[PDB]
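Before any comments, here is the structure.
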Amino acid sequence: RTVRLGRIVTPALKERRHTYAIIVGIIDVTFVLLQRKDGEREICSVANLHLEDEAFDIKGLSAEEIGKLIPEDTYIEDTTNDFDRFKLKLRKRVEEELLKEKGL
Amino acid sequence: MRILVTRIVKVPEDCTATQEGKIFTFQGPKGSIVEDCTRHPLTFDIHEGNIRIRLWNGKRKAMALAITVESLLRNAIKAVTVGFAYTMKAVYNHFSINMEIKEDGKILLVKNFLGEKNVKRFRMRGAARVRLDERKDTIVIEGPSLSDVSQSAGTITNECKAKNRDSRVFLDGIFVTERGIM
Amino acid sequence: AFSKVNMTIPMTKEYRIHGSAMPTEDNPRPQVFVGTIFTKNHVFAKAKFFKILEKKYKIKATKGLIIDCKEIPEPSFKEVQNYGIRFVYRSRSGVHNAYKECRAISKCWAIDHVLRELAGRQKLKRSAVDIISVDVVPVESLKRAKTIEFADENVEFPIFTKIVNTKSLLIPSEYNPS
Amino acid sequence: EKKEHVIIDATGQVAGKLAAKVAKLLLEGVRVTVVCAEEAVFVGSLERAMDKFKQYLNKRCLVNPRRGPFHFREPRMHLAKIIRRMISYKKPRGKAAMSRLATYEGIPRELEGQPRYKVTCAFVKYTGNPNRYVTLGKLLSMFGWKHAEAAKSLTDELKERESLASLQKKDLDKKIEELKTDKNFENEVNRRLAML
RNA sequence: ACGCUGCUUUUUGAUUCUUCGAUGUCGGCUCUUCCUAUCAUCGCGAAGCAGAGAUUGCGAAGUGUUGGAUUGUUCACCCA
RNA sequence: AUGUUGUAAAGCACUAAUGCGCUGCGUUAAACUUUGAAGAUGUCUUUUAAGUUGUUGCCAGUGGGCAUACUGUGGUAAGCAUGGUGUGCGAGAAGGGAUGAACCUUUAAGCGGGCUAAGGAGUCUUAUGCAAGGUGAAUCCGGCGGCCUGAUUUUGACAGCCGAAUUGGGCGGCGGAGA
Ligand SMILES: Nc1ncnc2c1ncn2[C@@H]1O[C@H](COP(=O)(O)O)[C@@H](O)[C@H]1O
């Protein structure tokens, strides 16, 4: 994978790796200019990025033609206070107590 | 500096290259060769049956290394297709220099050499055979490798030198006179 | 993607100043001067404006007047261009001139980037440098090869630095943290 | 009071950067064993590392060398001495911390199926000299260490029989998977679930 | 050559910080250890190096470096 | 508001020095001065600002000092000897500089709650990161996507027909000999 105009990127930590951005400018070997899904442009260094395997062409795309190519955020808020996640662990305990007498 | 630099090494008809993670293996109609490149920071691959080498953002010491690695690969290619063969000649003033072959061109003995009672003995490097040409006093060294043919000849020259006397008068030794082809 | 340290707001600022000598009744309505200064600090900019007038004319700060001081704001839209920066700097043994092109997103971001490169290559602080001018160079008046090559579109290259993708102290034995 | 235990693997780890972190674990009450102690590395050239070990050997009490400093040539004993000098070991709180450490060349037999860890900051590929280093086993073999071929053997025999144990485990994961997708299976378990 | 720049602590000066209810003050004999700025032995360069004999330089401190006449001598100077 | 001064620097008007060209060019001064600072030092006005002492009794210790920032004199020089202005140790703990009379912070151990200074944040040992370069003298040598100046070249340079850059002087950081 290469640095180029139109490459998709993601942050480096494996958590917080559910957001996206696109490259819209190259300053030197270390610094690029990004545009996030919301409209903001920012300067980041390539030691904080993780290059994805899809790229595009952006020639006349102004700011919104070029902002419809960013994928959407794949994050899910959570629930299940204490009783919701008690049942799921309850369902599995019976399997091993049965799966033991069946060997395996 | 540049953003990219590329070098190409042509692979002829008979040679058949092969690559297992930076290690290159050649096989022509004269033997095989293993040219290992695991320690260099460059990119290798075979493009249209040729060898390609690339370097991104190298300064000047990495660019000098990329051109020396390219010319060691074209030396390994023409070793297993044509081979190498060096020719040496012994010259003297008073004492005849007698030479012998012991194994199948693996050992070379050097007799009298300035009246010495000592007998010098040379062992050829791997995959190189010593022969005896017929001019009057001449040997030939041949094999499918430049590394071993040239190091076997350079040892013989370095070890016949007449210690502790004026080198402008005692001009005896064994020299290389023809770097050629098998 | 976030960087967690803001690199898009520069440390340098720009000010446009009008100044004069302090009026008297032997010299009422004196001459007015104007100029721009790149620095931090409203207060730092006024003192440098008077060191300028004091060395060409002989007007000092204790007998001078500041009439106006304006800070130019950053651009709202961001876009990479080419720049050229005239300056002089002080050495262990004298004063010298230099030119130094580069790429940036504004005039003050381009000065931050030139200072950032003189700190490793010549070991200068920031107070040893004076800026004479900053301007945008179109594409074909470029004097350096490094900017002509990056100013192209369809530029491409891989990167070879590593990446830390976790902030733990111990990782499992077969994990590849990069 | 603590009873935690950690096995640390040193294969591509800078020896000083690992020692400083292993010593902070010992002071906070954790038991550590370092295995494969001959595979830690030193950044640089072999000529630079031999010159530094040669100055170490020169230190010697002239009056009576039996009292004098002791120069260890085994990789497990030498790397244990680098961890000891990271801390104040004459005092009683430091004597206790050194009681919680063990070191080995290769991998011993008892620690065969247990998980190992690496230190995230001591990987040699984060420096600017990746591909210029010396292992602790090659440096020490040039000053007297004999058992360098018997250590590579013992580690590969354990790796191979730790890879077979992974094939038996993976196939049972597929035979148990089909049973969970059964007919008499579910109608049974739905009854045990029925009686809460 | 005429000029110019350094290092050591083996000379002899310059100084007076420590010791005057006391640190036994020259040399030899005996015995051990360290330095290299190497005299010999090992390896190797240069020449106005033909050979022989020497002269000049580099790596190198492992091992060696004596017996006598005259003087208390250190030192000096001769014999083998 | 109104008086006094002859140092630094500079200069040749006096005293004393110093090369040439036949009016100019060249070099000097603790015991030379035609000039001449920064700084010091007198007086008037609180009918200027800001702030808020006079007279006298009985008596002790002390009269070997030393350090330093800046600044002189003698000396080849000295952790040497001897002057000037301020501040310290002496008679000054505590925090920091690994260790230290004098260095930097700061002025003294009652019981609680908050915040900083000097100095620091891999580990001993309380506490985070971002970026650019990189991997003891005279006197010599190399390098850099650094900078300043010149010359040559697609009408084909430099190196030895080929097809694109070549090169002379300097400067500023960095490294190597001298060691
Ligand atoms: N500048 C470079 N240009 C070309 N190949 C490189 C460069 N730097 C490293 N490599 C090679 O690319 C690989 C680097 O990726 P990695 O081994 O994952 O660190 C190795 O195979 C190197 O030989």
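Please note that chains go A, B, ... in the order of the structure tokens, that every chain numbers its residues from 1, and that ligands are numbered from 1 in the order shown.
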
Original post:
If we count only C-alpha atoms, which residues of chain C reach to within 10 Å of chain A? Please list them as JSON, numbers by chain.
Top reply: {"C": [1, 2, 3, 4, 5, 6, 7, 8, 9, 77, 78, 79, 80, 81, 82, 102, 103, 104, 105, 146, 147, 150, 151, 152, 153, 154, 155, 156, 157, 158, 159, 160, 161, 162, 163, 164, 165, 166, 167, 177, 178]}

Atoms to include: N, CA and C atoms. Write the selected residues as a short mmCIF file (atom, residue, chain, number, x, y, z; two decimals), in the first residue's frame.
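Below is the file again_1.cif, written as the result:
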```cif
data_model
loop_
_atom_site.label_atom_id
_atom_site.label_comp_id
_atom_site.auth_asym_id
_atom_site.auth_seq_id
_atom_site.Cartn_x
_atom_site.Cartn_y
_atom_site.Cartn_z
N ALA C 1 -9.17 9.70 11.52
CA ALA C 1 -7.88 9.67 12.19
C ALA C 1 -7.62 10.93 13.00
N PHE C 2 -7.08 10.76 14.20
CA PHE C 2 -6.64 11.85 15.06
C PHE C 2 -5.14 11.74 15.27
N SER C 3 -4.52 12.87 15.60
CA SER C 3 -3.11 12.88 15.94
C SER C 3 -2.84 13.05 17.43
N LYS C 4 -3.81 13.58 18.18
CA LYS C 4 -3.73 13.77 19.63
C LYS C 4 -2.80 14.91 20.04
N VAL C 5 -1.96 15.42 19.15
CA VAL C 5 -1.26 16.67 19.40
C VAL C 5 -1.54 17.55 18.20
N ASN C 6 -2.12 18.72 18.45
CA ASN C 6 -2.57 19.58 17.36
C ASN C 6 -1.37 20.15 16.61
N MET C 7 -1.24 19.76 15.34
CA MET C 7 -0.16 20.21 14.48
C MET C 7 -0.63 21.18 13.40
N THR C 8 -1.92 21.50 13.37
CA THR C 8 -2.49 22.31 12.31
C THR C 8 -2.62 23.79 12.67
N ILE C 9 -2.44 24.16 13.93
CA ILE C 9 -2.47 25.56 14.35
C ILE C 9 -1.03 25.99 14.63
N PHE C 77 -10.19 27.84 4.77
CA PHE C 77 -10.06 26.66 3.94
C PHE C 77 -8.59 26.29 3.79
N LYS C 78 -8.30 24.99 3.85
CA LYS C 78 -6.93 24.49 3.86
C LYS C 78 -6.58 23.88 2.52
N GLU C 79 -5.37 24.15 2.04
CA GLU C 79 -4.92 23.63 0.76
C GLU C 79 -3.42 23.83 0.64
N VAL C 80 -2.73 22.82 0.11
CA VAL C 80 -1.27 22.83 0.06
C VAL C 80 -0.81 23.62 -1.16
N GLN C 81 0.22 24.46 -0.97
CA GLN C 81 0.79 25.29 -2.02
C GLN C 81 2.30 25.32 -1.83
N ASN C 82 2.98 26.17 -2.61
CA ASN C 82 4.42 26.33 -2.54
C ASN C 82 4.75 27.74 -2.06
N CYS C 102 9.62 25.79 0.41
CA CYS C 102 8.92 24.70 1.09
C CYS C 102 7.44 24.69 0.71
N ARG C 103 6.71 23.73 1.28
CA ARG C 103 5.27 23.57 1.08
C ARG C 103 4.54 23.69 2.41
N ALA C 104 3.35 24.29 2.41
CA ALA C 104 2.61 24.53 3.64
C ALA C 104 1.14 24.75 3.32
N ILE C 105 0.38 25.18 4.33
CA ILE C 105 -1.04 25.48 4.17
C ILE C 105 -1.33 26.94 4.50
N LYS C 146 13.48 19.46 -4.56
CA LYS C 146 12.62 18.71 -3.66
C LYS C 146 11.16 19.15 -3.78
N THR C 147 10.93 20.44 -4.00
CA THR C 147 9.56 20.94 -4.10
C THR C 147 8.96 20.68 -5.47
N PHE C 150 7.61 16.93 -5.34
CA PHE C 150 6.43 16.69 -4.52
C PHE C 150 5.23 17.51 -4.97
N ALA C 151 5.45 18.63 -5.66
CA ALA C 151 4.38 19.48 -6.15
C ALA C 151 3.58 18.83 -7.26
N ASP C 152 4.04 17.71 -7.79
CA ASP C 152 3.37 16.98 -8.84
C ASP C 152 2.17 16.24 -8.25
N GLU C 153 1.16 16.01 -9.09
CA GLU C 153 0.10 15.08 -8.75
C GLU C 153 0.48 13.69 -9.26
N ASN C 154 -0.25 12.69 -8.78
CA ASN C 154 0.08 11.29 -9.07
C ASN C 154 1.41 10.88 -8.44
N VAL C 155 1.79 11.55 -7.35
CA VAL C 155 2.93 11.15 -6.54
C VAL C 155 2.55 9.91 -5.73
N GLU C 156 3.50 9.00 -5.55
CA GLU C 156 3.22 7.75 -4.87
C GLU C 156 4.48 7.22 -4.22
N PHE C 157 4.33 6.64 -3.04
CA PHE C 157 5.44 5.96 -2.39
C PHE C 157 4.95 5.19 -1.17
N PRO C 158 5.51 4.03 -0.89
CA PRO C 158 5.24 3.36 0.38
C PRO C 158 6.08 3.96 1.50
N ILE C 159 5.73 3.60 2.72
CA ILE C 159 6.43 4.06 3.91
C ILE C 159 7.05 2.86 4.60
N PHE C 160 8.18 3.09 5.29
CA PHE C 160 8.92 1.95 5.89
C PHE C 160 9.09 2.12 7.40
N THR C 161 8.50 3.15 8.02
CA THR C 161 8.56 3.25 9.47
C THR C 161 7.52 2.32 10.09
N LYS C 162 7.82 1.93 11.33
CA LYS C 162 6.95 0.97 12.03
C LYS C 162 5.81 1.69 12.74
N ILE C 163 4.90 0.94 13.32
CA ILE C 163 3.70 1.47 13.95
C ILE C 163 3.44 0.70 15.24
N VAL C 164 3.16 1.42 16.32
CA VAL C 164 2.72 0.80 17.57
C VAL C 164 1.20 0.84 17.61
N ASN C 165 0.56 -0.33 17.60
CA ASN C 165 -0.89 -0.40 17.57
C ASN C 165 -1.49 -0.81 18.91
N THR C 166 -0.74 -0.67 19.99
CA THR C 166 -1.23 -1.04 21.31
C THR C 166 -0.35 -0.35 22.34
N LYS C 167 -0.95 -0.01 23.48
CA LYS C 167 -0.25 0.71 24.54
C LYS C 167 -0.14 -0.12 25.81
N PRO C 177 3.13 -6.30 16.83
CA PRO C 177 2.57 -5.02 17.26
C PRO C 177 2.67 -3.90 16.23
N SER C 178 2.92 -4.22 14.97
CA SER C 178 3.08 -3.20 13.94
C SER C 178 2.46 -3.60 12.61
#
```

Subject >> Nearby polymer residues, ligand 1, at most 7 Å, only C-alpha atoms (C1' of nucleotides) and all ligand atoms, as a VMD selection string >> reply: (chain B and resid 40 to 43 54 to 58) or (chain C and resid 160)

Original post:
Can you tell me, as number ranges by chain, what residues are no more than 9 Å from residue D:17 when counting only C-alpha atoms (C1' of nucleotides), ignoring any on the same chain fewer than 5 positions away?
Top reply: D: 119, 121-123; F: 122

I need the chosen residues saved as a PDB file, in the first residue's frame, with N, CA, C and O atoms (P, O5', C5', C4', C3', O3' and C1' of nucleotides).
```
ATOM      1  N   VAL D 119       7.921  -7.946  25.634  1.00  0.00           N
ATOM      2  CA  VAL D 119       7.867  -6.561  26.088  1.00  0.00           C
ATOM      3  C   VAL D 119       7.750  -5.662  24.866  1.00  0.00           C
ATOM      4  O   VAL D 119       8.568  -5.743  23.949  1.00  0.00           O
ATOM      5  N   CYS D 121       8.293  -2.630  24.008  1.00  0.00           N
ATOM      6  CA  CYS D 121       9.197  -1.565  23.598  1.00  0.00           C
ATOM      7  C   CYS D 121      10.612  -2.032  23.298  1.00  0.00           C
ATOM      8  O   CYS D 121      11.444  -1.192  22.951  1.00  0.00           O
ATOM      9  N   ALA D 122      10.922  -3.320  23.410  1.00  0.00           N
ATOM     10  CA  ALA D 122      12.284  -3.797  23.246  1.00  0.00           C
ATOM     11  C   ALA D 122      12.511  -4.511  21.920  1.00  0.00           C
ATOM     12  O   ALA D 122      13.568  -5.110  21.730  1.00  0.00           O
ATOM     13  N   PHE D 123      11.553  -4.452  20.999  1.00  0.00           N
ATOM     14  CA  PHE D 123      11.724  -5.051  19.682  1.00  0.00           C
ATOM     15  C   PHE D 123      12.807  -4.318  18.907  1.00  0.00           C
ATOM     16  O   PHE D 123      12.801  -3.090  18.834  1.00  0.00           O
TER      17      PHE D 123
ATOM     18  P     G F 122      12.356   8.818  32.483  1.00  0.00           P
ATOM     19  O5'   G F 122      11.938   7.278  32.581  1.00  0.00           O
ATOM     20  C5'   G F 122      11.196   6.615  31.560  1.00  0.00           C
ATOM     21  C4'   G F 122      11.677   5.197  31.321  1.00  0.00           C
ATOM     22  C3'   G F 122      12.135   4.424  32.552  1.00  0.00           C
ATOM     23  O3'   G F 122      11.060   3.723  33.165  1.00  0.00           O
ATOM     24  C1'   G F 122      13.780   4.266  30.834  1.00  0.00           C
TER      25        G F 122
END
```

**OP:** DSSP on the backbone, then: every residue of stretch 27-73 of chain D marked strand (DSSP E or B), written as a PyMOL selection string.
**Re:** chain D and resi 31-35+41-43

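Around residue C:100, within 9 Å and counting only C-alpha atoms (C1' of nucleotides), the residues found are residues 83, 84, 85, 86, 87, 114 and 144 of chain C; 146 and 147 of chain F, once anything fewer than 3 positions away on its own chain is removed.
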
Written selection (N, CA and C atoms (P, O5', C5', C4', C3', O3' and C1' of nucleotides)) as a PDB file, in the first residue's frame:
```pdb
ATOM      1  N   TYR C  83       5.821  27.869  -1.271  1.00  0.00           N
ATOM      2  CA  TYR C  83       6.186  29.136  -0.653  1.00  0.00           C
ATOM      3  C   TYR C  83       7.689  29.353  -0.753  1.00  0.00           C
ATOM      4  N   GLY C  84       8.100  30.611  -0.615  1.00  0.00           N
ATOM      5  CA  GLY C  84       9.504  30.983  -0.557  1.00  0.00           C
ATOM      6  C   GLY C  84       9.757  32.032   0.504  1.00  0.00           C
ATOM      7  N   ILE C  85      10.810  31.868   1.308  1.00  0.00           N
ATOM      8  CA  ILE C  85      11.002  32.619   2.547  1.00  0.00           C
ATOM      9  C   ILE C  85      12.380  33.271   2.543  1.00  0.00           C
ATOM     10  N   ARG C  86      12.434  34.596   2.460  1.00  0.00           N
ATOM     11  CA  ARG C  86      13.697  35.310   2.622  1.00  0.00           C
ATOM     12  C   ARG C  86      13.979  35.546   4.098  1.00  0.00           C
ATOM     13  N   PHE C  87      15.235  35.371   4.505  1.00  0.00           N
ATOM     14  CA  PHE C  87      15.568  35.607   5.902  1.00  0.00           C
ATOM     15  C   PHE C  87      17.070  35.764   6.077  1.00  0.00           C
ATOM     16  N   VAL C 114       9.995  25.862   8.327  1.00  0.00           N
ATOM     17  CA  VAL C 114      11.388  26.181   8.029  1.00  0.00           C
ATOM     18  C   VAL C 114      12.213  26.245   9.308  1.00  0.00           C
ATOM     19  N   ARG C 144      14.186  24.783  -6.184  1.00  0.00           N
ATOM     20  CA  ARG C 144      14.712  23.594  -5.537  1.00  0.00           C
ATOM     21  C   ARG C 144      14.073  22.357  -6.142  1.00  0.00           C
TER      22      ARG C 144
ATOM     23  P     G F 146      20.942  19.821  -0.274  1.00  0.00           P
ATOM     24  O5'   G F 146      20.820  20.473   1.171  1.00  0.00           O
ATOM     25  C5'   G F 146      19.665  21.201   1.552  1.00  0.00           C
ATOM     26  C4'   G F 146      19.984  22.258   2.580  1.00  0.00           C
ATOM     27  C3'   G F 146      20.340  23.633   2.046  1.00  0.00           C
ATOM     28  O3'   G F 146      19.196  24.392   1.698  1.00  0.00           O
ATOM     29  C1'   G F 146      21.875  23.014   3.735  1.00  0.00           C
ATOM     30  P     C F 147      19.126  25.202   0.314  1.00  0.00           P
ATOM     31  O5'   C F 147      20.105  26.438   0.517  1.00  0.00           O
ATOM     32  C5'   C F 147      19.701  27.591   1.235  1.00  0.00           C
ATOM     33  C4'   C F 147      20.877  28.450   1.626  1.00  0.00           C
ATOM     34  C3'   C F 147      21.560  29.221   0.513  1.00  0.00           C
ATOM     35  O3'   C F 147      20.873  30.397   0.138  1.00  0.00           O
ATOM     36  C1'   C F 147      23.186  28.197   1.866  1.00  0.00           C
TER      37        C F 147
END
```

Original post:
Which residues come within 12 Å of stretch 13-18 of chain E, counting only C-alpha atoms (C1' of nucleotides), excluding same-chain residues fewer than 2 positions away, as a list in words?
Top reply: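 Non-adjacent residues within range: residues 11 of chain E; 75, 76, 77, 78, 79, 80 and 81 of chain F.
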
For those residues, write C-alpha atoms (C1' of nucleotides) to a file as a PDB file, in the first residue's frame.
```pdb
ATOM      1  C1'   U E  11      65.206  17.686  36.760  1.00  0.00           C
TER       2        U E  11
ATOM      3  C1'   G F  75      54.758  37.696  38.055  1.00  0.00           C
ATOM      4  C1'   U F  76      56.241  32.569  32.416  1.00  0.00           C
ATOM      5  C1'   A F  77      52.567  31.025  35.749  1.00  0.00           C
ATOM      6  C1'   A F  78      49.974  29.141  40.455  1.00  0.00           C
ATOM      7  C1'   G F  79      44.161  26.427  44.770  1.00  0.00           C
ATOM      8  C1'   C F  80      50.572  32.688  44.057  1.00  0.00           C
ATOM      9  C1'   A F  81      51.071  37.796  46.167  1.00  0.00           C
TER      10        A F  81
END
```

**OP:** Select all residues from chain F having any atom no more than 12 Å from an atom of chain A (counting only C-alpha atoms (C1' of nucleotides), ignoring ligands), output as a ChimeraX atom specification.
**Re:** /F:130-132,145

Same residues, C-alpha atoms (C1' of nucleotides), saved as a PDB file, in the first residue's frame:
```
ATOM      1  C1'   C F 130       5.810  16.101  19.976  1.00  0.00           C
ATOM      2  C1'   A F 131       9.661  17.253  15.929  1.00  0.00           C
ATOM      3  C1'   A F 132      14.500  17.920  12.874  1.00  0.00           C
ATOM      4  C1'   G F 145      17.610  16.886  -0.886  1.00  0.00           C
TER       5        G F 145
END
```

Subject >> Interface list for chain E, partner chain B, 12 Å threshold, only C-alpha atoms (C1' of nucleotides), as a PyMOL selection string >> reply: chain E and resi 44-47+49-52

**OP:** Would you please give, as a PyMOL selection string, all residues of stretch 73-149 of chain C that DSSP assigns to helix (DSSP H, G or I) based on the backbone?
**Re:** chain C and resi 107-121+145-149

Subject >> Residue neighbourhood stretch 13-23 of chain C, 10 Å, only C-alpha atoms (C1' of nucleotides), exclusion window fewer than 3 positions, as number ranges by chain >> reply: C: 10, 26-42, 45-46, 49-50, 53, 58-74, 107-109, 111-112

Include C-alpha atoms and write out the residues we just selected as a compact mmCIF listing (two decimals), in the first residue's frame.
```txt
# COMPACT_ATOMS: atom_id res chain seq x y z
CA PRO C 10 0.95 27.26 14.02
CA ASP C 26 8.73 71.68 17.40
CA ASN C 27 8.00 68.65 15.18
CA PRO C 28 4.24 68.17 15.09
CA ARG C 29 2.75 65.53 12.76
CA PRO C 30 5.89 63.44 12.08
CA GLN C 31 6.30 60.74 9.43
CA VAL C 32 4.40 57.44 9.59
CA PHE C 33 5.92 54.02 8.90
CA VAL C 34 4.35 50.60 8.35
CA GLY C 35 5.42 46.96 8.17
CA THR C 36 4.64 43.36 9.02
CA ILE C 37 6.32 41.22 11.68
CA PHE C 38 6.20 37.45 12.24
CA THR C 39 6.42 36.42 15.89
CA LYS C 40 4.46 35.42 18.95
CA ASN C 41 3.09 38.07 21.20
CA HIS C 42 1.54 41.47 20.46
CA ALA C 45 5.95 42.54 17.86
CA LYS C 46 6.03 46.14 19.10
CA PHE C 49 9.21 47.25 15.17
CA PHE C 50 11.13 49.84 17.18
CA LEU C 53 13.34 52.16 13.10
CA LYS C 58 17.29 57.00 14.85
CA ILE C 59 13.86 56.62 16.47
CA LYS C 60 13.90 54.78 19.80
CA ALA C 61 11.10 53.12 21.76
CA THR C 62 11.18 55.57 24.67
CA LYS C 63 10.40 58.42 22.24
CA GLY C 64 8.08 56.63 19.86
CA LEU C 65 4.38 56.00 19.37
CA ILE C 66 2.49 52.91 18.23
CA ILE C 67 -0.58 53.97 16.26
CA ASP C 68 -2.03 50.63 15.15
CA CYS C 69 -1.40 46.90 15.60
CA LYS C 70 -3.44 44.24 13.79
CA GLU C 71 -3.19 40.46 13.82
CA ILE C 72 -3.87 38.70 10.53
CA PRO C 73 -6.01 35.57 11.03
CA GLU C 74 -5.45 32.14 9.55
CA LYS C 107 2.27 31.75 5.50
CA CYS C 108 2.69 31.15 9.23
CA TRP C 109 2.63 27.37 8.88
CA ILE C 111 7.62 29.63 8.72
CA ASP C 112 7.07 27.04 11.46
```

Subject >> Distance in Å - atom CA of residue B:98 versus atom CA of residue B:137 >> reply: 8.7 Å

Quick one: which chain D residues come within 9 Å of chain C, and what is the nearest atom pair for each with the distance in Å to one decimal, counting only C-alpha atoms, rows ordered by chain and ascending number, as a Markdown table?
```
| residue | atom | partner | partner_atom | distance |
| --- | --- | --- | --- | --- |
| D:8 | CA | C:173 | CA | 8.4 |
| D:9 | CA | C:173 | CA | 7.2 |
| D:21 | CA | C:169 | CA | 8.8 |
| D:115 | CA | C:172 | CA | 7.5 |
| D:116 | CA | C:173 | CA | 5.4 |
| D:117 | CA | C:172 | CA | 4.6 |
| D:118 | CA | C:171 | CA | 5.4 |
| D:119 | CA | C:170 | CA | 4.9 |
| D:120 | CA | C:169 | CA | 5.8 |
| D:121 | CA | C:169 | CA | 7.8 |
| D:125 | CA | C:162 | CA | 7.7 |
| D:126 | CA | C:162 | CA | 6.6 |
```

Keeping only C-alpha atoms, write the selected residues as a PDB file, in the first residue's frame.
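Generated file (result-v1.pdb):
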```pdb
ATOM      1  CA  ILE D   8       8.888 -13.747  29.283  1.00  0.00           C
ATOM      2  CA  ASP D   9      10.410 -14.734  25.938  1.00  0.00           C
ATOM      3  CA  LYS D  21      11.199  -3.277  32.660  1.00  0.00           C
ATOM      4  CA  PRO D 115       1.752 -18.836  27.357  1.00  0.00           C
ATOM      5  CA  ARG D 116       4.736 -16.522  26.946  1.00  0.00           C
ATOM      6  CA  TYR D 117       4.866 -12.744  26.625  1.00  0.00           C
ATOM      7  CA  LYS D 118       7.105 -10.136  25.043  1.00  0.00           C
ATOM      8  CA  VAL D 119       7.867  -6.561  26.088  1.00  0.00           C
ATOM      9  CA  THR D 120       6.347  -4.064  23.662  1.00  0.00           C
ATOM     10  CA  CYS D 121       9.197  -1.565  23.598  1.00  0.00           C
ATOM     11  CA  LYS D 125      12.806  -3.336  14.619  1.00  0.00           C
ATOM     12  CA  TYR D 126      11.865  -0.038  16.281  1.00  0.00           C
TER      13      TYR D 126
END
```

**OP:** Tell me, in Å to one decimal, how far atom CA of residue B:171 is from atom CA of residue B:93.
**Re:** 7.8 Å

Can you tell me which residues surround stretch 34-37 of chain E at a distance of at most 12 Å, considering only C-alpha atoms (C1' of nucleotides), apart from same-chain residues fewer than 4 positions away, and format the answer as a PDB file with C-alpha atoms (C1' of nucleotides), in the first residue's frame?
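result.pdb was written with the following content:
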```pdb
ATOM      1  CA  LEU D  62      45.620  -6.987  42.256  1.00  0.00           C
TER       2      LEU D  62
ATOM      3  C1'   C E   7      52.218  17.203  25.905  1.00  0.00           C
ATOM      4  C1'   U E   8      54.423  14.723  30.361  1.00  0.00           C
ATOM      5  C1'   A E  60      53.348  -5.441  19.562  1.00  0.00           C
ATOM      6  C1'   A E  61      54.740  -4.919  27.007  1.00  0.00           C
TER       7        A E  61
END
```
